[PDB]
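Trainee: Just so it is clear, I am handing over work_13.cif, which has mmCIF, N, CA and C atoms.
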data_my_file
loop_
_atom_site.label_atom_id
_atom_site.label_comp_id
_atom_site.auth_asym_id
_atom_site.auth_seq_id
_atom_site.Cartn_x
_atom_site.Cartn_y
_atom_site.Cartn_z
N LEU A 806 -12.88 -6.20 38.52
CA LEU A 806 -13.45 -7.17 37.65
C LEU A 806 -14.94 -6.99 37.57
N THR A 807 -15.49 -6.45 38.66
CA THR A 807 -16.90 -6.23 38.80
C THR A 807 -17.66 -7.42 38.22
N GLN A 808 -18.94 -7.26 38.02
CA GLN A 808 -19.71 -8.32 37.42
C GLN A 808 -19.30 -8.44 35.95
N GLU A 809 -19.07 -7.28 35.34
CA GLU A 809 -18.85 -7.18 33.92
C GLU A 809 -17.56 -7.76 33.36
N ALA A 810 -16.40 -7.57 33.98
CA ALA A 810 -15.23 -8.15 33.34
C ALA A 810 -15.35 -9.64 33.43
N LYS A 811 -15.85 -10.07 34.58
CA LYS A 811 -16.02 -11.49 34.82
C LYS A 811 -17.02 -12.05 33.82
N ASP A 812 -18.11 -11.31 33.59
CA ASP A 812 -19.07 -11.76 32.61
C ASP A 812 -18.49 -11.76 31.23
N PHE A 813 -17.67 -10.78 30.89
CA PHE A 813 -17.15 -10.82 29.54
C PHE A 813 -16.34 -12.08 29.36
N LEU A 814 -15.55 -12.45 30.34
CA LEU A 814 -14.79 -13.66 30.15
C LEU A 814 -15.69 -14.88 30.06
N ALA A 815 -16.68 -14.94 30.93
CA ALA A 815 -17.56 -16.08 30.94
C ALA A 815 -18.41 -16.15 29.68
N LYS A 816 -19.00 -15.04 29.30
CA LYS A 816 -19.89 -15.02 28.17
C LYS A 816 -19.14 -15.15 26.88
N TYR A 817 -17.99 -14.50 26.78
CA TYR A 817 -17.23 -14.58 25.56
C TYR A 817 -16.67 -15.97 25.37
N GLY A 818 -16.23 -16.60 26.46
CA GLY A 818 -15.59 -17.88 26.32
C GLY A 818 -16.32 -19.13 26.80
N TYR A 819 -17.51 -19.07 27.40
CA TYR A 819 -17.99 -20.33 27.99
C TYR A 819 -18.64 -21.36 27.09
N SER A 820 -17.85 -21.94 26.20
CA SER A 820 -18.33 -23.09 25.47
C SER A 820 -18.33 -24.25 26.41
N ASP A 821 -19.36 -25.04 26.37
CA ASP A 821 -19.43 -26.20 27.23
C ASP A 821 -18.34 -27.26 26.99
N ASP A 822 -17.62 -27.20 25.87
CA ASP A 822 -16.57 -28.20 25.64
C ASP A 822 -15.17 -27.62 25.85
N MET A 823 -15.08 -26.40 26.39
CA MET A 823 -13.78 -25.72 26.45
C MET A 823 -12.72 -26.07 27.52
N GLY A 824 -13.12 -26.43 28.74
CA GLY A 824 -12.14 -26.58 29.82
C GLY A 824 -11.89 -25.17 30.41
N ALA A 825 -11.51 -24.99 31.66
CA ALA A 825 -11.35 -23.60 32.13
C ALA A 825 -10.13 -22.90 31.52
N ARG A 826 -9.20 -23.68 31.01
CA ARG A 826 -7.98 -23.12 30.48
C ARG A 826 -8.19 -22.04 29.43
N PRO A 827 -9.13 -22.14 28.49
CA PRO A 827 -9.38 -21.10 27.53
C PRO A 827 -9.85 -19.81 28.16
N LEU A 828 -10.41 -19.85 29.37
CA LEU A 828 -10.84 -18.61 29.98
C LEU A 828 -9.59 -17.92 30.45
N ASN A 829 -8.65 -18.73 30.88
CA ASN A 829 -7.42 -18.22 31.41
C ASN A 829 -6.61 -17.71 30.23
N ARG A 830 -6.65 -18.45 29.13
CA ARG A 830 -5.92 -18.01 27.97
C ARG A 830 -6.56 -16.75 27.46
N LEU A 831 -7.89 -16.70 27.51
CA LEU A 831 -8.61 -15.55 27.04
C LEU A 831 -8.19 -14.33 27.79
N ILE A 832 -8.19 -14.36 29.10
CA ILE A 832 -7.75 -13.15 29.75
C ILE A 832 -6.32 -12.79 29.41
N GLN A 833 -5.46 -13.78 29.20
CA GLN A 833 -4.10 -13.43 28.84
C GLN A 833 -4.08 -12.77 27.47
N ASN A 834 -4.89 -13.30 26.57
CA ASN A 834 -4.98 -12.83 25.20
C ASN A 834 -5.83 -11.58 25.06
N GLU A 835 -6.77 -11.42 25.97
CA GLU A 835 -7.69 -10.31 25.91
C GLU A 835 -7.10 -9.06 26.51
N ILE A 836 -6.58 -9.20 27.72
CA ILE A 836 -6.08 -8.08 28.49
C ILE A 836 -4.62 -8.12 28.82
N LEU A 837 -4.13 -9.25 29.23
CA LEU A 837 -2.82 -9.23 29.81
C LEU A 837 -1.80 -8.82 28.76
N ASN A 838 -1.94 -9.33 27.54
CA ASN A 838 -1.03 -8.90 26.49
C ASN A 838 -1.09 -7.40 26.22
N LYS A 839 -2.26 -6.81 26.45
CA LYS A 839 -2.42 -5.39 26.28
C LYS A 839 -1.66 -4.74 27.40
N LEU A 840 -1.75 -5.33 28.59
CA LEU A 840 -1.04 -4.81 29.73
C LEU A 840 0.42 -4.80 29.44
N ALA A 841 0.93 -5.91 28.92
CA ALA A 841 2.34 -5.98 28.64
C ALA A 841 2.73 -4.83 27.74
N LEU A 842 1.91 -4.55 26.73
CA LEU A 842 2.26 -3.46 25.87
C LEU A 842 2.17 -2.15 26.62
N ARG A 843 1.16 -1.99 27.47
CA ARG A 843 1.01 -0.73 28.17
C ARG A 843 2.22 -0.52 29.07
N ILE A 844 2.74 -1.60 29.62
CA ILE A 844 3.91 -1.50 30.44
C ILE A 844 5.10 -1.09 29.61
N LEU A 845 5.27 -1.74 28.47
CA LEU A 845 6.39 -1.46 27.60
C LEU A 845 6.36 -0.03 27.09
N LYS A 846 5.16 0.50 26.86
CA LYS A 846 5.00 1.88 26.41
C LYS A 846 5.03 2.87 27.56
N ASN A 847 5.21 2.37 28.78
CA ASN A 847 5.20 3.14 30.01
C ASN A 847 3.84 3.74 30.31
N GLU A 848 2.79 3.18 29.70
CA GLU A 848 1.43 3.58 29.99
C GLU A 848 1.11 3.11 31.39
N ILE A 849 1.73 1.99 31.78
CA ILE A 849 1.62 1.46 33.13
C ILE A 849 2.99 1.33 33.80
N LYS A 850 3.32 2.28 34.68
CA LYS A 850 4.59 2.29 35.39
C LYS A 850 4.42 1.53 36.70
N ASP A 851 3.27 1.77 37.32
CA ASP A 851 2.85 1.22 38.61
C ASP A 851 1.34 1.12 38.61
N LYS A 852 0.79 0.43 39.60
CA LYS A 852 -0.66 0.23 39.70
C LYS A 852 -1.19 -0.29 38.37
N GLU A 853 -2.52 -0.39 38.24
CA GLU A 853 -3.27 -0.76 37.03
C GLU A 853 -4.76 -0.85 37.41
N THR A 854 -5.65 -0.82 36.44
CA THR A 854 -7.05 -1.07 36.71
C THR A 854 -7.66 -2.06 35.77
N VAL A 855 -8.94 -2.21 35.94
CA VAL A 855 -9.78 -3.02 35.12
C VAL A 855 -10.84 -2.10 34.67
N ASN A 856 -11.21 -2.23 33.44
CA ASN A 856 -12.24 -1.42 32.87
C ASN A 856 -12.87 -2.27 31.81
N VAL A 857 -14.15 -2.08 31.59
CA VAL A 857 -14.85 -2.89 30.60
C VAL A 857 -15.37 -2.04 29.45
N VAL A 858 -14.97 -2.40 28.25
CA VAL A 858 -15.34 -1.65 27.06
C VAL A 858 -16.00 -2.49 25.99
N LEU A 859 -17.29 -2.32 25.78
CA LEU A 859 -17.89 -3.12 24.74
C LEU A 859 -17.63 -2.45 23.40
N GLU A 874 -16.35 -7.53 22.31
CA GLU A 874 -15.39 -6.43 22.40
C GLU A 874 -14.91 -6.20 23.83
N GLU A 875 -13.64 -5.81 23.97
CA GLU A 875 -13.01 -5.50 25.27
C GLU A 875 -11.71 -4.70 25.08
N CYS A 876 -11.30 -3.95 26.10
CA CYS A 876 -10.04 -3.19 26.07
C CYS A 876 -9.42 -3.01 27.47
N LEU A 877 -8.31 -2.27 27.54
CA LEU A 877 -7.61 -2.00 28.79
C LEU A 877 -7.15 -0.55 28.92
N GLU A 878 -7.56 0.07 30.02
CA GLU A 878 -7.23 1.44 30.41
C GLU A 878 -5.74 1.61 30.73
N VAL A 879 -5.27 2.85 30.69
CA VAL A 879 -3.88 3.19 30.96
C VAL A 879 -3.68 4.18 32.08
N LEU A 880 -2.43 4.36 32.47
CA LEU A 880 -2.04 5.34 33.45
C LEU A 880 -1.02 6.20 32.70
N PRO A 881 -1.52 6.88 31.65
CA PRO A 881 -0.80 7.47 30.52
C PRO A 881 0.28 8.48 30.88
N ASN A 882 0.33 8.88 32.13
CA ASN A 882 1.30 9.84 32.62
C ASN A 882 2.46 9.09 33.24
N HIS A 883 2.50 7.79 32.98
CA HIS A 883 3.49 6.85 33.48
C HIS A 883 3.30 6.72 34.97
N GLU A 884 2.03 6.53 35.32
CA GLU A 884 1.57 6.35 36.68
C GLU A 884 1.34 4.87 36.93
N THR B 726 2.52 -24.75 12.58
CA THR B 726 1.83 -24.36 11.33
C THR B 726 0.82 -25.35 10.73
N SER B 727 -0.11 -24.79 9.94
CA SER B 727 -1.09 -25.56 9.16
C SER B 727 -1.71 -24.81 7.97
N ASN B 728 -2.01 -25.57 6.92
CA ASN B 728 -2.69 -25.14 5.71
C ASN B 728 -4.09 -25.62 5.63
N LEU B 729 -4.65 -26.12 6.72
CA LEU B 729 -6.03 -26.55 6.63
C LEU B 729 -6.86 -25.41 6.06
N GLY B 730 -6.61 -24.21 6.57
CA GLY B 730 -7.32 -23.02 6.16
C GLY B 730 -7.22 -22.71 4.67
N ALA B 731 -6.31 -23.35 3.95
CA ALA B 731 -6.16 -23.14 2.52
C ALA B 731 -7.49 -23.41 1.81
N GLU B 732 -8.31 -24.32 2.37
CA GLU B 732 -9.61 -24.68 1.79
C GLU B 732 -10.58 -23.52 1.83
N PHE B 733 -10.27 -22.55 2.67
CA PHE B 733 -11.05 -21.37 2.88
C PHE B 733 -10.31 -20.16 2.29
N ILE B 734 -8.97 -20.19 2.30
CA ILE B 734 -8.19 -19.09 1.74
C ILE B 734 -8.51 -18.96 0.29
N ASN B 735 -8.64 -20.11 -0.37
CA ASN B 735 -8.93 -20.19 -1.78
C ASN B 735 -10.34 -19.74 -2.13
N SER B 736 -11.11 -19.26 -1.15
CA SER B 736 -12.39 -18.65 -1.45
C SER B 736 -12.11 -17.31 -2.07
N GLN B 737 -10.93 -16.78 -1.75
CA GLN B 737 -10.45 -15.49 -2.19
C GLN B 737 -11.40 -14.36 -1.80
N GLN B 738 -12.22 -14.55 -0.76
CA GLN B 738 -13.20 -13.53 -0.42
C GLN B 738 -12.64 -12.36 0.37
N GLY B 739 -11.88 -11.54 -0.32
CA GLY B 739 -11.25 -10.36 0.25
C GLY B 739 -9.87 -10.70 0.76
N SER B 740 -8.98 -9.70 0.83
CA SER B 740 -7.63 -9.98 1.32
C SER B 740 -7.62 -10.18 2.83
N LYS B 741 -8.63 -9.63 3.47
CA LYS B 741 -8.77 -9.69 4.90
C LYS B 741 -9.34 -11.03 5.33
N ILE B 742 -9.07 -11.38 6.57
CA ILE B 742 -9.56 -12.61 7.16
C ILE B 742 -11.02 -12.43 7.49
N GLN B 743 -11.86 -13.32 7.00
CA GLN B 743 -13.27 -13.12 7.22
C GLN B 743 -13.79 -13.85 8.43
N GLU B 744 -14.78 -13.25 9.06
CA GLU B 744 -15.45 -13.85 10.20
C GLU B 744 -16.19 -15.03 9.66
N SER B 745 -16.48 -16.03 10.51
CA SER B 745 -17.20 -17.24 10.13
C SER B 745 -16.29 -18.12 9.29
N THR B 746 -15.81 -17.62 8.17
CA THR B 746 -14.87 -18.37 7.36
C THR B 746 -13.70 -18.84 8.21
N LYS B 747 -13.09 -17.92 8.94
CA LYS B 747 -11.96 -18.24 9.79
C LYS B 747 -12.34 -19.18 10.91
N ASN B 748 -13.62 -19.22 11.24
CA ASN B 748 -14.07 -20.00 12.36
C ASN B 748 -14.30 -21.41 11.85
N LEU B 749 -14.71 -21.52 10.60
CA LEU B 749 -14.90 -22.82 9.99
C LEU B 749 -13.54 -23.46 9.90
N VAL B 750 -12.53 -22.64 9.63
CA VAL B 750 -11.18 -23.14 9.56
C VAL B 750 -10.74 -23.65 10.91
N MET B 751 -10.86 -22.81 11.93
CA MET B 751 -10.38 -23.21 13.23
C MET B 751 -11.16 -24.40 13.77
N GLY B 752 -12.45 -24.46 13.47
CA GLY B 752 -13.28 -25.58 13.86
C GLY B 752 -12.70 -26.84 13.24
N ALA B 753 -12.50 -26.80 11.93
CA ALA B 753 -11.94 -27.92 11.21
C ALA B 753 -10.56 -28.28 11.75
N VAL B 754 -9.77 -27.28 12.13
CA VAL B 754 -8.46 -27.60 12.65
C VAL B 754 -8.64 -28.42 13.90
N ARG B 755 -9.52 -28.00 14.80
CA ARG B 755 -9.74 -28.77 16.02
C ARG B 755 -10.17 -30.20 15.66
N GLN B 756 -11.02 -30.34 14.65
CA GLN B 756 -11.46 -31.67 14.25
C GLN B 756 -10.29 -32.51 13.77
N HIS B 757 -9.31 -31.86 13.16
CA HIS B 757 -8.15 -32.53 12.62
C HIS B 757 -6.87 -32.21 13.38
N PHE B 758 -7.02 -31.76 14.61
CA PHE B 758 -5.88 -31.41 15.43
C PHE B 758 -6.36 -31.38 16.86
N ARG B 759 -5.78 -32.17 17.75
CA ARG B 759 -6.40 -32.26 19.06
C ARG B 759 -6.63 -30.88 19.68
N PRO B 760 -7.88 -30.56 20.06
CA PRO B 760 -8.24 -29.31 20.66
C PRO B 760 -7.57 -29.18 22.00
N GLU B 761 -7.19 -30.30 22.60
CA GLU B 761 -6.50 -30.27 23.87
C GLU B 761 -5.26 -29.41 23.78
N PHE B 762 -4.62 -29.43 22.61
CA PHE B 762 -3.43 -28.66 22.36
C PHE B 762 -3.87 -27.22 22.23
N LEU B 763 -4.92 -27.05 21.46
CA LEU B 763 -5.43 -25.73 21.14
C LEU B 763 -6.13 -25.10 22.33
N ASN B 764 -6.38 -25.88 23.36
CA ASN B 764 -6.99 -25.36 24.55
C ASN B 764 -5.91 -24.88 25.52
N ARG B 765 -4.64 -24.97 25.12
CA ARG B 765 -3.54 -24.51 25.94
C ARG B 765 -2.81 -23.39 25.20
N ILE B 766 -2.80 -23.49 23.87
CA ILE B 766 -2.06 -22.59 22.98
C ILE B 766 -2.43 -21.14 23.25
N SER B 767 -1.45 -20.22 23.18
CA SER B 767 -1.76 -18.83 23.49
C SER B 767 -2.84 -18.33 22.55
N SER B 768 -2.68 -18.64 21.26
CA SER B 768 -3.68 -18.27 20.26
C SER B 768 -3.44 -18.88 18.89
N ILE B 769 -4.51 -18.98 18.13
CA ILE B 769 -4.40 -19.32 16.72
C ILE B 769 -4.38 -18.01 15.94
N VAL B 770 -3.39 -17.89 15.08
CA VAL B 770 -3.12 -16.74 14.26
C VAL B 770 -3.42 -17.06 12.81
N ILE B 771 -4.15 -16.19 12.13
CA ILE B 771 -4.48 -16.42 10.74
C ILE B 771 -3.88 -15.33 9.87
N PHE B 772 -3.26 -15.75 8.77
CA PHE B 772 -2.61 -14.84 7.84
C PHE B 772 -3.55 -14.17 6.84
N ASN B 773 -3.20 -12.94 6.48
CA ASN B 773 -3.88 -12.18 5.45
C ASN B 773 -3.47 -12.72 4.11
N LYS B 774 -4.36 -12.60 3.13
CA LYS B 774 -4.04 -13.09 1.81
C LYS B 774 -3.11 -12.07 1.18
N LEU B 775 -2.16 -12.52 0.40
CA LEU B 775 -1.25 -11.56 -0.20
C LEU B 775 -1.79 -10.95 -1.48
N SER B 776 -2.60 -9.93 -1.29
CA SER B 776 -3.24 -9.21 -2.37
C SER B 776 -2.18 -8.54 -3.19
N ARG B 777 -2.51 -8.10 -4.39
CA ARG B 777 -1.48 -7.41 -5.15
C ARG B 777 -0.96 -6.22 -4.36
N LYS B 778 -1.83 -5.54 -3.62
CA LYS B 778 -1.35 -4.44 -2.80
C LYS B 778 -0.22 -4.94 -1.90
N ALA B 779 -0.38 -6.12 -1.30
CA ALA B 779 0.70 -6.64 -0.48
C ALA B 779 1.93 -6.90 -1.34
N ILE B 780 1.70 -7.40 -2.54
CA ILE B 780 2.76 -7.77 -3.45
C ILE B 780 3.58 -6.58 -3.83
N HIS B 781 2.91 -5.46 -3.97
CA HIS B 781 3.54 -4.22 -4.35
C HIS B 781 4.62 -3.80 -3.34
N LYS B 782 4.60 -4.37 -2.14
CA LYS B 782 5.61 -4.11 -1.14
C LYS B 782 6.55 -5.31 -1.08
N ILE B 783 5.97 -6.50 -1.16
CA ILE B 783 6.72 -7.74 -1.04
C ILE B 783 7.76 -7.91 -2.09
N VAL B 784 7.42 -7.61 -3.32
CA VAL B 784 8.38 -7.76 -4.37
C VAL B 784 9.62 -6.97 -4.11
N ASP B 785 9.48 -5.74 -3.67
CA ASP B 785 10.66 -4.94 -3.42
C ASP B 785 11.44 -5.52 -2.27
N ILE B 786 10.73 -5.99 -1.26
CA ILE B 786 11.40 -6.55 -0.12
C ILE B 786 12.21 -7.75 -0.52
N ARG B 787 11.59 -8.62 -1.30
CA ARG B 787 12.25 -9.83 -1.65
C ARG B 787 13.34 -9.59 -2.65
N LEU B 788 13.12 -8.76 -3.64
CA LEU B 788 14.19 -8.57 -4.58
C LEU B 788 15.38 -7.96 -3.89
N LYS B 789 15.13 -7.07 -2.94
CA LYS B 789 16.22 -6.47 -2.22
C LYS B 789 16.97 -7.54 -1.44
N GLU B 790 16.27 -8.32 -0.61
CA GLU B 790 17.01 -9.31 0.17
C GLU B 790 17.69 -10.34 -0.72
N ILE B 791 17.02 -10.76 -1.77
CA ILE B 791 17.58 -11.75 -2.65
C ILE B 791 18.88 -11.23 -3.21
N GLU B 792 18.89 -9.99 -3.68
CA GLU B 792 20.12 -9.46 -4.17
C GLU B 792 21.20 -9.37 -3.12
N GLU B 793 20.84 -8.89 -1.94
CA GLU B 793 21.80 -8.69 -0.87
C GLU B 793 22.46 -9.99 -0.47
N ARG B 794 21.73 -11.08 -0.58
CA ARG B 794 22.24 -12.39 -0.23
C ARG B 794 23.15 -12.98 -1.31
N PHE B 795 23.31 -12.31 -2.45
CA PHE B 795 24.12 -12.88 -3.53
C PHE B 795 25.61 -12.70 -3.36
N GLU B 796 26.17 -13.43 -2.42
CA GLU B 796 27.61 -13.37 -2.18
C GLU B 796 28.09 -11.95 -1.93
N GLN B 797 28.91 -11.45 -2.85
CA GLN B 797 29.51 -10.14 -2.73
C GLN B 797 29.12 -9.27 -3.90
N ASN B 798 29.22 -7.97 -3.72
CA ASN B 798 28.83 -7.03 -4.77
C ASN B 798 29.86 -6.83 -5.87
N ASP B 799 30.19 -7.91 -6.58
CA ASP B 799 31.15 -7.79 -7.68
C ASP B 799 30.42 -7.33 -8.92
N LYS B 800 29.10 -7.42 -8.86
CA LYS B 800 28.21 -7.06 -9.93
C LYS B 800 26.93 -6.51 -9.34
N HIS B 801 25.97 -7.39 -9.12
CA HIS B 801 24.67 -7.01 -8.60
C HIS B 801 24.00 -6.05 -9.57
N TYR B 802 22.91 -5.44 -9.16
CA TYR B 802 22.12 -4.57 -10.00
C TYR B 802 21.93 -3.14 -9.54
N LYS B 803 21.62 -2.31 -10.53
CA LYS B 803 21.14 -0.95 -10.36
C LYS B 803 19.63 -1.06 -10.09
N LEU B 804 19.04 -2.13 -10.63
CA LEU B 804 17.62 -2.48 -10.50
C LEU B 804 16.60 -1.48 -10.93
N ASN B 805 16.64 -1.05 -12.18
CA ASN B 805 15.64 -0.11 -12.69
C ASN B 805 14.34 -0.86 -13.05
#
Would you mind writing the file's structure down as structure tokens?
Mentor:
Amino acid sequence: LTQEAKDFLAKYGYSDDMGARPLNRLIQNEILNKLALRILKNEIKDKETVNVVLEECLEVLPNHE
Amino acid sequence: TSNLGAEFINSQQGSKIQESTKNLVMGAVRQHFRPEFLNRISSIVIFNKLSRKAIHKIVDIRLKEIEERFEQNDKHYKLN
């Protein structure tokens, strides 16, 4: 998560009227859904990482790793 | 579902969903829809406008399904 993934969630989502739930929804909507697809595509068979891409994205283990 | 965004869809500003415009919509939705709900919802999804380019595919899709749904093929069309 380093400073950066955490900051992307905080900076992208920290409206003062939001409640913490949108941050949680954000990560589900930002990354986790991508993960689900990566899993379904066998991009993620096991393990996983975090990577920050400015905007945001999710790395793969493209050899079905 | 909601058509609040219709007030912005009718801007007709491109077939694509525009930034800011879509935000004015979602803002207004929260004003007219408890954000508490929207603060739990997985996401708000906004539809593309059905440009004629979209129509050029939709018409075939719909005419095909419409025909297929017409009981049995005692007649139906060649559809030229």
Trainee: One decimal, in Å: what's the spacing between atom C of residue 748 (chain B) and CA of residue 766 (chain B)?
Mentor: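 A separation of 16.6 Å between them.
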Trainee: Please compute the atom N of residue 754 (chain B)-atom N of residue 770 (chain B) distance, one decimal, in Å.
Mentor: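 So the answer is 11.7 Å.
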Trainee: Name the residues within 8 Å of (-11.1, -24.5, 8.6), counting only N, CA and C atoms in the file's coordinates, and put them as an MDAnalysis selection string.
Mentor: chainID B and resid 728:734 746:755
Trainee: Would you mind exporting N, CA and C atoms of the selected residues as a short mmCIF file (atom, residue, chain, number, x, y, z; two decimals), in the coordinates of the input?
Mentor:
data_model
loop_
_atom_site.label_atom_id
_atom_site.label_comp_id
_atom_site.auth_asym_id
_atom_site.auth_seq_id
_atom_site.Cartn_x
_atom_site.Cartn_y
_atom_site.Cartn_z
N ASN B 728 -2.01 -25.57 6.92
CA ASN B 728 -2.69 -25.14 5.71
C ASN B 728 -4.09 -25.62 5.63
N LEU B 729 -4.65 -26.12 6.72
CA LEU B 729 -6.03 -26.55 6.63
C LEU B 729 -6.86 -25.41 6.06
N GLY B 730 -6.61 -24.21 6.57
CA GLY B 730 -7.32 -23.02 6.16
C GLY B 730 -7.22 -22.71 4.67
N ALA B 731 -6.31 -23.35 3.95
CA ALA B 731 -6.16 -23.14 2.52
C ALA B 731 -7.49 -23.41 1.81
N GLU B 732 -8.31 -24.32 2.37
CA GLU B 732 -9.61 -24.68 1.79
C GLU B 732 -10.58 -23.52 1.83
N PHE B 733 -10.27 -22.55 2.67
CA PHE B 733 -11.05 -21.37 2.88
C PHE B 733 -10.31 -20.16 2.29
N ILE B 734 -8.97 -20.19 2.30
CA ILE B 734 -8.19 -19.09 1.74
C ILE B 734 -8.51 -18.96 0.29
N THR B 746 -15.81 -17.62 8.17
CA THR B 746 -14.87 -18.37 7.36
C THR B 746 -13.70 -18.84 8.21
N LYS B 747 -13.09 -17.92 8.94
CA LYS B 747 -11.96 -18.24 9.79
C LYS B 747 -12.34 -19.18 10.91
N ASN B 748 -13.62 -19.22 11.24
CA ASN B 748 -14.07 -20.00 12.36
C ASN B 748 -14.30 -21.41 11.85
N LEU B 749 -14.71 -21.52 10.60
CA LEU B 749 -14.90 -22.82 9.99
C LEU B 749 -13.54 -23.46 9.90
N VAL B 750 -12.53 -22.64 9.63
CA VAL B 750 -11.18 -23.14 9.56
C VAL B 750 -10.74 -23.65 10.91
N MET B 751 -10.86 -22.81 11.93
CA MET B 751 -10.38 -23.21 13.23
C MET B 751 -11.16 -24.40 13.77
N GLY B 752 -12.45 -24.46 13.47
CA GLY B 752 -13.28 -25.58 13.86
C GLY B 752 -12.70 -26.84 13.24
N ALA B 753 -12.50 -26.80 11.93
CA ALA B 753 -11.94 -27.92 11.21
C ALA B 753 -10.56 -28.28 11.75
N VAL B 754 -9.77 -27.28 12.13
CA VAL B 754 -8.46 -27.60 12.65
C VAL B 754 -8.64 -28.42 13.90
N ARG B 755 -9.52 -28.00 14.80
CA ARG B 755 -9.74 -28.77 16.02
C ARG B 755 -10.17 -30.20 15.66
#
Trainee: Counting only C-alpha atoms, which residues of chain A fall within 8 Å of chain B, and what is the closest atom pair for each with its distance in Å at one decimal, ordered by chain and rising number, as a tab-separated table?
Mentor:
residue	atom	partner	partner_atom	distance
A:823	CA	B:764	CA	7.1
A:824	CA	B:764	CA	7.5
A:826	CA	B:764	CA	6.4
A:827	CA	B:764	CA	5.7
A:830	CA	B:767	CA	6.2
A:833	CA	B:767	CA	8.0
A:834	CA	B:767	CA	7.0
Trainee: Expand the PyMOL selection byres ((chain A and resi 839-854) around 6) into the individual residues it matches in the shown file, reporting them as an mmCIF file with N, CA and C atoms, keeping the file's coordinate frame.
Mentor:
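Once written, expr-v8.cif looks like this:
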data_model
loop_
_atom_site.group_PDB
_atom_site.id
_atom_site.type_symbol
_atom_site.label_atom_id
_atom_site.label_comp_id
_atom_site.auth_asym_id
_atom_site.auth_seq_id
_atom_site.Cartn_x
_atom_site.Cartn_y
_atom_site.Cartn_z
ATOM 1 N N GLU A 835 -6.770 -11.420 25.970
ATOM 2 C CA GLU A 835 -7.690 -10.310 25.910
ATOM 3 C C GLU A 835 -7.100 -9.060 26.510
ATOM 4 N N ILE A 836 -6.580 -9.200 27.720
ATOM 5 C CA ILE A 836 -6.080 -8.080 28.490
ATOM 6 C C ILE A 836 -4.620 -8.120 28.820
ATOM 7 N N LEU A 837 -4.130 -9.250 29.230
ATOM 8 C CA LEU A 837 -2.820 -9.230 29.810
ATOM 9 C C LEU A 837 -1.800 -8.820 28.760
ATOM 10 N N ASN A 838 -1.940 -9.330 27.540
ATOM 11 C CA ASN A 838 -1.030 -8.900 26.490
ATOM 12 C C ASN A 838 -1.090 -7.400 26.220
ATOM 13 N N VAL A 855 -8.940 -2.210 35.940
ATOM 14 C CA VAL A 855 -9.780 -3.020 35.120
ATOM 15 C C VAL A 855 -10.840 -2.100 34.670
ATOM 16 N N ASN A 856 -11.210 -2.230 33.440
ATOM 17 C CA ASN A 856 -12.240 -1.420 32.870
ATOM 18 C C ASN A 856 -12.870 -2.270 31.810
ATOM 19 N N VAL A 879 -5.270 2.850 30.690
ATOM 20 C CA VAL A 879 -3.880 3.190 30.960
ATOM 21 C C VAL A 879 -3.680 4.180 32.080
ATOM 22 N N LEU A 880 -2.430 4.360 32.470
ATOM 23 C CA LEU A 880 -2.040 5.340 33.450
ATOM 24 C C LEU A 880 -1.020 6.200 32.700
ATOM 25 N N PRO A 881 -1.520 6.880 31.650
ATOM 26 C CA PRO A 881 -0.800 7.470 30.520
ATOM 27 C C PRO A 881 0.280 8.480 30.880
ATOM 28 N N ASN A 882 0.330 8.880 32.130
ATOM 29 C CA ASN A 882 1.300 9.840 32.620
ATOM 30 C C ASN A 882 2.460 9.090 33.240
ATOM 31 N N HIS A 883 2.500 7.790 32.980
ATOM 32 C CA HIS A 883 3.490 6.850 33.480
ATOM 33 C C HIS A 883 3.300 6.720 34.970
ATOM 34 N N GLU A 884 2.030 6.530 35.320
ATOM 35 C CA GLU A 884 1.570 6.350 36.680
ATOM 36 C C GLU A 884 1.340 4.870 36.930
#
Trainee: If you run DSSP on this backbone, which residues of chain A come out as helix (DSSP H, G or I), and could you give them as a ChimeraX atom specification?
Mentor: /A:807-818,826-845
Trainee: Work out how far CA of residue 782 (chain B) is from CA of residue 800 (chain B), in Å to one decimal.
Mentor: 24.4 Å
Trainee: Just want the 8 Å neighbourhood of residue 801 (chain B), counted on all atoms listed in the file, with same-chain residues fewer than 5 positions away dropped. Output as a list in words.
Mentor: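 Selected residues are residues 792, 793 and 795 of chain B.
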Trainee: Starting from the displayed file, determine the output of the PyMOL selection byres (((chain A and resi 810-816 and name CA) around 8) and name CA) and express the residue list as a PyMOL selection string.
Mentor: chain A and resi 806-809+817-819+828+831-832+855-857+875
Trainee: Using only C-alpha atoms, which residues sit within 6 Å of region 736-742 of chain B once same-chain residues fewer than 4 positions away are excluded, as a PyMOL selection string?
Mentor: chain B and resi 773-774+776
